[PDB]
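**Student:** Input my_file24.pdb, format and content: PDB, C-alpha atoms and all ligand atoms.
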```
ATOM      1  CA  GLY A  12      23.016  -7.499  -8.218  1.00  0.00           C
ATOM      2  CA  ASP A  13      23.124  -5.030 -11.073  1.00  0.00           C
ATOM      3  CA  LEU A  14      20.228  -2.661 -11.617  1.00  0.00           C
ATOM      4  CA  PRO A  15      17.367  -3.098 -14.120  1.00  0.00           C
ATOM      5  CA  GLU A  16      18.165  -1.599 -17.528  1.00  0.00           C
ATOM      6  CA  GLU A  17      17.052   1.642 -19.241  1.00  0.00           C
ATOM      7  CA  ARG A  18      13.641   1.897 -20.855  1.00  0.00           C
ATOM      8  CA  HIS A  19      11.841   4.299 -23.159  1.00  0.00           C
ATOM      9  CA  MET A  20       8.315   5.239 -24.283  1.00  0.00           C
ATOM     10  CA  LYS A  21       7.053   7.511 -27.059  1.00  0.00           C
ATOM     11  CA  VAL A  22       3.807   9.421 -27.093  1.00  0.00           C
ATOM     12  CA  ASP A  23       2.682  12.405 -29.169  1.00  0.00           C
ATOM     13  CA  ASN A  24       5.625  14.800 -29.385  1.00  0.00           C
ATOM     14  CA  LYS A  25       7.370  13.741 -26.176  1.00  0.00           C
ATOM     15  CA  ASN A  26       9.579  10.972 -24.884  1.00  0.00           C
ATOM     16  CA  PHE A  27       9.623   9.228 -21.507  1.00  0.00           C
ATOM     17  CA  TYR A  28      12.713   7.644 -19.979  1.00  0.00           C
ATOM     18  CA  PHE A  29      13.028   5.236 -17.072  1.00  0.00           C
ATOM     19  CA  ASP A  30      16.362   4.732 -15.384  1.00  0.00           C
ATOM     20  CA  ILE A  31      17.465   3.134 -12.135  1.00  0.00           C
ATOM     21  CA  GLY A  32      20.051   4.519  -9.704  1.00  0.00           C
ATOM     22  CA  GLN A  33      21.163   4.100  -6.110  1.00  0.00           C
ATOM     23  CA  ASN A  34      22.793   6.168  -3.356  1.00  0.00           C
ATOM     24  CA  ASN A  35      23.211   5.764   0.420  1.00  0.00           C
ATOM     25  CA  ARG A  36      19.499   6.116   1.111  1.00  0.00           C
ATOM     26  CA  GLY A  37      18.859   3.602  -1.645  1.00  0.00           C
ATOM     27  CA  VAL A  38      17.497   2.543  -4.996  1.00  0.00           C
ATOM     28  CA  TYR A  39      15.231   4.826  -7.023  1.00  0.00           C
ATOM     29  CA  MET A  40      13.435   5.176 -10.365  1.00  0.00           C
ATOM     30  CA  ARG A  41      13.789   8.411 -12.327  1.00  0.00           C
ATOM     31  CA  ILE A  42      11.039   9.008 -14.843  1.00  0.00           C
ATOM     32  CA  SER A  43      11.978  11.776 -17.258  1.00  0.00           C
ATOM     33  CA  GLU A  44       9.768  13.749 -19.560  1.00  0.00           C
ATOM     34  CA  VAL A  45      11.821  15.033 -22.467  1.00  0.00           C
ATOM     35  CA  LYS A  46      10.649  17.136 -25.384  1.00  0.00           C
ATOM     36  CA  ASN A  47      12.694  18.719 -28.163  1.00  0.00           C
ATOM     37  CA  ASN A  48      14.246  21.167 -25.732  1.00  0.00           C
ATOM     38  CA  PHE A  49      12.420  20.632 -22.425  1.00  0.00           C
ATOM     39  CA  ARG A  50      13.308  18.261 -19.622  1.00  0.00           C
ATOM     40  CA  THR A  51      11.774  17.451 -16.218  1.00  0.00           C
ATOM     41  CA  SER A  52      11.743  14.308 -14.061  1.00  0.00           C
ATOM     42  CA  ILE A  53      10.484  12.652 -10.907  1.00  0.00           C
ATOM     43  CA  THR A  54      12.336  10.377  -8.525  1.00  0.00           C
ATOM     44  CA  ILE A  55      10.639   7.447  -6.823  1.00  0.00           C
ATOM     45  CA  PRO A  56      12.393   5.531  -4.042  1.00  0.00           C
ATOM     46  CA  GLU A  57      12.120   1.733  -4.329  1.00  0.00           C
ATOM     47  CA  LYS A  58      10.201   1.352  -1.041  1.00  0.00           C
ATOM     48  CA  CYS A  59       7.090   2.666  -2.770  1.00  0.00           C
ATOM     49  CA  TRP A  60       7.222   1.146  -6.269  1.00  0.00           C
ATOM     50  CA  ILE A  61       4.356  -1.202  -5.300  1.00  0.00           C
ATOM     51  CA  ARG A  62       2.179   1.597  -3.919  1.00  0.00           C
ATOM     52  CA  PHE A  63       2.791   3.358  -7.232  1.00  0.00           C
ATOM     53  CA  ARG A  64       2.034   0.318  -9.350  1.00  0.00           C
ATOM     54  CA  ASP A  65      -1.283  -0.147  -7.473  1.00  0.00           C
ATOM     55  CA  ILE A  66      -2.367   3.417  -8.076  1.00  0.00           C
ATOM     56  CA  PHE A  67      -1.697   2.770 -11.739  1.00  0.00           C
ATOM     57  CA  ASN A  68      -3.721  -0.445 -11.977  1.00  0.00           C
ATOM     58  CA  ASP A  69      -6.540   1.521 -10.340  1.00  0.00           C
ATOM     59  CA  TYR A  70      -6.359   4.214 -12.962  1.00  0.00           C
ATOM     60  CA  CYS A  71      -6.044   1.626 -15.774  1.00  0.00           C
ATOM     61  CA  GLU A  72      -9.029  -0.478 -14.627  1.00  0.00           C
ATOM     62  CA  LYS A  73     -11.180   2.599 -14.417  1.00  0.00           C
ATOM     63  CA  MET A  74     -10.555   3.511 -18.063  1.00  0.00           C
ATOM     64  CA  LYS A  75     -13.414   3.920 -20.522  1.00  0.00           C
ATOM     65  CA  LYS A  76     -12.535   0.740 -22.489  1.00  0.00           C
TER      66      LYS A  76
ATOM     67  CA  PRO B  15     -11.218   9.546 -12.157  1.00  0.00           C
ATOM     68  CA  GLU B  16     -10.778  10.689  -8.559  1.00  0.00           C
ATOM     69  CA  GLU B  17      -7.194  11.945  -7.651  1.00  0.00           C
ATOM     70  CA  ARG B  18      -4.752  10.613  -5.048  1.00  0.00           C
ATOM     71  CA  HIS B  19      -1.719  11.402  -2.855  1.00  0.00           C
ATOM     72  CA  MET B  20       1.225   9.506  -1.261  1.00  0.00           C
ATOM     73  CA  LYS B  21       3.947  10.329   1.244  1.00  0.00           C
ATOM     74  CA  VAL B  22       7.486   8.964   1.519  1.00  0.00           C
ATOM     75  CA  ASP B  23      10.246  10.400   3.700  1.00  0.00           C
ATOM     76  CA  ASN B  24      10.427  14.097   2.782  1.00  0.00           C
ATOM     77  CA  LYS B  25       8.390  13.831  -0.394  1.00  0.00           C
ATOM     78  CA  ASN B  26       4.815  13.981  -1.455  1.00  0.00           C
ATOM     79  CA  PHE B  27       3.463  12.601  -4.703  1.00  0.00           C
ATOM     80  CA  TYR B  28       0.153  13.818  -6.089  1.00  0.00           C
ATOM     81  CA  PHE B  29      -1.838  12.156  -8.800  1.00  0.00           C
ATOM     82  CA  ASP B  30      -4.223  14.363 -10.635  1.00  0.00           C
ATOM     83  CA  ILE B  31      -6.430  13.734 -13.545  1.00  0.00           C
ATOM     84  CA  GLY B  32      -6.988  16.563 -15.963  1.00  0.00           C
ATOM     85  CA  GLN B  33      -8.660  17.069 -19.292  1.00  0.00           C
ATOM     86  CA  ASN B  34      -8.234  19.287 -22.311  1.00  0.00           C
ATOM     87  CA  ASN B  35      -9.682  19.331 -25.815  1.00  0.00           C
ATOM     88  CA  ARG B  36      -7.523  16.390 -26.944  1.00  0.00           C
ATOM     89  CA  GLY B  37      -8.475  14.206 -23.973  1.00  0.00           C
ATOM     90  CA  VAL B  38      -7.627  12.988 -20.481  1.00  0.00           C
ATOM     91  CA  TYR B  39      -4.187  13.123 -18.873  1.00  0.00           C
ATOM     92  CA  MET B  40      -2.616  12.136 -15.527  1.00  0.00           C
ATOM     93  CA  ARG B  41      -0.102  14.510 -13.883  1.00  0.00           C
ATOM     94  CA  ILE B  42       2.309  13.155 -11.310  1.00  0.00           C
ATOM     95  CA  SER B  43       3.929  15.811  -9.133  1.00  0.00           C
ATOM     96  CA  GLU B  44       6.869  15.383  -6.777  1.00  0.00           C
ATOM     97  CA  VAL B  45       7.219  17.795  -3.880  1.00  0.00           C
ATOM     98  CA  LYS B  46      10.285  17.628  -1.703  1.00  0.00           C
ATOM     99  CA  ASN B  47      11.576  20.338   0.511  1.00  0.00           C
ATOM    100  CA  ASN B  48       9.882  23.222  -1.219  1.00  0.00           C
ATOM    101  CA  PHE B  49      10.499  22.273  -4.815  1.00  0.00           C
ATOM    102  CA  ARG B  50       8.047  20.553  -7.118  1.00  0.00           C
ATOM    103  CA  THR B  51       8.339  18.791 -10.444  1.00  0.00           C
ATOM    104  CA  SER B  52       5.740  16.977 -12.444  1.00  0.00           C
ATOM    105  CA  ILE B  53       5.316  14.761 -15.503  1.00  0.00           C
ATOM    106  CA  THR B  54       2.098  14.535 -17.444  1.00  0.00           C
ATOM    107  CA  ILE B  55       0.904  11.373 -19.103  1.00  0.00           C
ATOM    108  CA  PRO B  56      -1.827  11.288 -21.684  1.00  0.00           C
ATOM    109  CA  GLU B  57      -4.467   8.540 -21.339  1.00  0.00           C
ATOM    110  CA  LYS B  58      -3.539   6.842 -24.642  1.00  0.00           C
ATOM    111  CA  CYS B  59      -0.407   5.524 -22.983  1.00  0.00           C
ATOM    112  CA  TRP B  60      -1.520   4.706 -19.449  1.00  0.00           C
ATOM    113  CA  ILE B  61      -1.393   0.989 -20.190  1.00  0.00           C
ATOM    114  CA  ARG B  62       2.051   0.982 -21.746  1.00  0.00           C
ATOM    115  CA  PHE B  63       3.266   3.225 -18.864  1.00  0.00           C
ATOM    116  CA  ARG B  64       1.733   0.812 -16.341  1.00  0.00           C
ATOM    117  CA  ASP B  65       3.406  -2.203 -17.912  1.00  0.00           C
ATOM    118  CA  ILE B  66       6.799  -0.616 -18.020  1.00  0.00           C
ATOM    119  CA  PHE B  67       6.465   0.339 -14.375  1.00  0.00           C
ATOM    120  CA  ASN B  68       5.205  -3.117 -13.504  1.00  0.00           C
ATOM    121  CA  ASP B  69       8.172  -4.775 -15.265  1.00  0.00           C
ATOM    122  CA  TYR B  70      10.438  -2.755 -12.954  1.00  0.00           C
ATOM    123  CA  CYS B  71       8.433  -4.030 -10.032  1.00  0.00           C
ATOM    124  CA  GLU B  72       9.002  -7.531 -11.335  1.00  0.00           C
ATOM    125  CA  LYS B  73      12.814  -7.194 -11.227  1.00  0.00           C
ATOM    126  CA  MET B  74      13.060  -6.176  -7.555  1.00  0.00           C
ATOM    127  CA  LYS B  75      14.823  -8.233  -4.851  1.00  0.00           C
ATOM    128  CA  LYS B  76      15.616  -8.365  -1.103  1.00  0.00           C
TER     129      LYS B  76
HETATM  130 CL    CL C   1      15.880  -3.539  -7.964  1.00  0.00          CL
END
```
Can the structure in the file be given as C-alpha cells, please?
**Tutor:**
Amino acid sequence: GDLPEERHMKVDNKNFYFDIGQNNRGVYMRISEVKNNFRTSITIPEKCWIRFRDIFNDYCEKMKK
Amino acid sequence: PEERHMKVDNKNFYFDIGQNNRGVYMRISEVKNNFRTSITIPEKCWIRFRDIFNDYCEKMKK
C-alpha cells in the first residue's frame, strides 16, 4: 500500500521530522533534526522498528516520573 | 539510564544518555561504512517521540 504520512515534533529551538521511504533493500524511517540552519538525520530500516520501539519504552519507563 | 547498541546490516546504532545543566538527553548515532550521524533528544520529549515512533510501528504490514 502507500506509505505512512509525514510527522513533526517541536522541542526547544529545534524541529524533528519523520518521513517514510523505500528503495530496493526496502522501507525505512528517516528522523531529521533541523534547526534554523542545521540539518542531520538518521535512517532506520523497517526490519528493526520494533527493536527501536522497545528500547524507547525501556527508556520511557525508567524516567523519573 | 544505562546505554545500548544495535546492529543491522552494515549499520550500528548507539543509544547514549547524557546530561548537561538543562537536563538529560538521549543521543542516537548511526554508523554505516565509516560515517556517523546522530540526533539528540531532550528528556522532556521522550514520551512524545516514543508515541510518534510507536504510531509508525502500528501502521506496518506484511
Ligand atoms: Cl509500512
**Student:** Have a look at CA of residue 65 in chain A and CA of residue 70 in chain B and let me know their distance in Å, one decimal.
**Tutor:**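 So the answer is 13.2 Å.
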**Student:** Counting all atoms listed in the file, name the residues that have an atom within 7 Å of an atom of ligand CL 1 (chain C); the answer should be given as a PyMOL selection string.
**Tutor:** (chain A and resi 14-15+38) or (chain B and resi 73-75)
**Student:** Write the residues of the selection above to a file with C-alpha atoms, as a short mmCIF file (atom, residue, chain, number, x, y, z; two decimals), keeping the file's coordinate frame.
**Tutor:**
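Here's the written file out04.cif:
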```cif
data_model
loop_
_atom_site.label_atom_id
_atom_site.label_comp_id
_atom_site.auth_asym_id
_atom_site.auth_seq_id
_atom_site.Cartn_x
_atom_site.Cartn_y
_atom_site.Cartn_z
CA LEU A 14 20.23 -2.66 -11.62
CA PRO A 15 17.37 -3.10 -14.12
CA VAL A 38 17.50 2.54 -5.00
CA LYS B 73 12.81 -7.19 -11.23
CA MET B 74 13.06 -6.18 -7.56
CA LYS B 75 14.82 -8.23 -4.85
#
```
**Student:** Taking all atoms listed in the file into account, name the residue in B:15, B:55, B:37, B:76 that is nearest to residue 58 in chain A.
**Tutor:** B:76
**Student:** Care to translate the ChimeraX specification (/A :<7) & /B into actual residues of this file, as a list in words?
**Tutor:** residues 44, 51, 52, 53, 60, 61, 64, 67, 68, 71 and 73 of chain B
**Student:** Report the residues retrieved by the PyMOL selection byres (((chain B and resi 29) around 7) and not hetatm) from the displayed file, expressed as a VMD selection string.
**Tutor:** chain B and resid 17 to 19 27 to 28 30 to 31 40 to 43
**Student:** What are the centre and the three edge lengths of an axis-aligned box that wraps all atoms of range 15-18 of chain A in the file, given that 4 Å is added to every side, written as JSON and rounded to one decimal in Å?
**Tutor:**
```
{"center_x": 15.9, "center_y": -0.6, "center_z": -17.5, "size_x": 12.5, "size_y": 13.0, "size_z": 14.7}
```
**Student:** Give me, please, the distance in Å between CA of residue 76 in chain A and CA of residue 54 in chain B, quoted to one decimal.
**Tutor:**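 Separating CA of residue 76 in chain A from CA of residue 54 in chain B is a distance of 20.7 Å.
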**Student:** Name the residues that the PyMOL selection byres (((chain B and resi 47) around 8) and not hetatm) pulls out of this structure, and write them as a PDB file with C-alpha atoms, keeping the file's coordinate frame.
**Tutor:**
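selection22.pdb, written as the output of this step:
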```pdb
ATOM      1  CA  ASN B  24      10.427  14.097   2.782  1.00  0.00           C
ATOM      2  CA  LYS B  25       8.390  13.831  -0.394  1.00  0.00           C
ATOM      3  CA  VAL B  45       7.219  17.795  -3.880  1.00  0.00           C
ATOM      4  CA  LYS B  46      10.285  17.628  -1.703  1.00  0.00           C
ATOM      5  CA  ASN B  48       9.882  23.222  -1.219  1.00  0.00           C
ATOM      6  CA  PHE B  49      10.499  22.273  -4.815  1.00  0.00           C
TER       7      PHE B  49
END
```
**Student:** Do you have the CA of residue 57 in chain B-CA of residue 47 in chain A distance handy?
**Tutor:**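 Atom-to-atom, CA of residue 57 in chain B and CA of residue 47 in chain A are spaced 21.1 Å apart.
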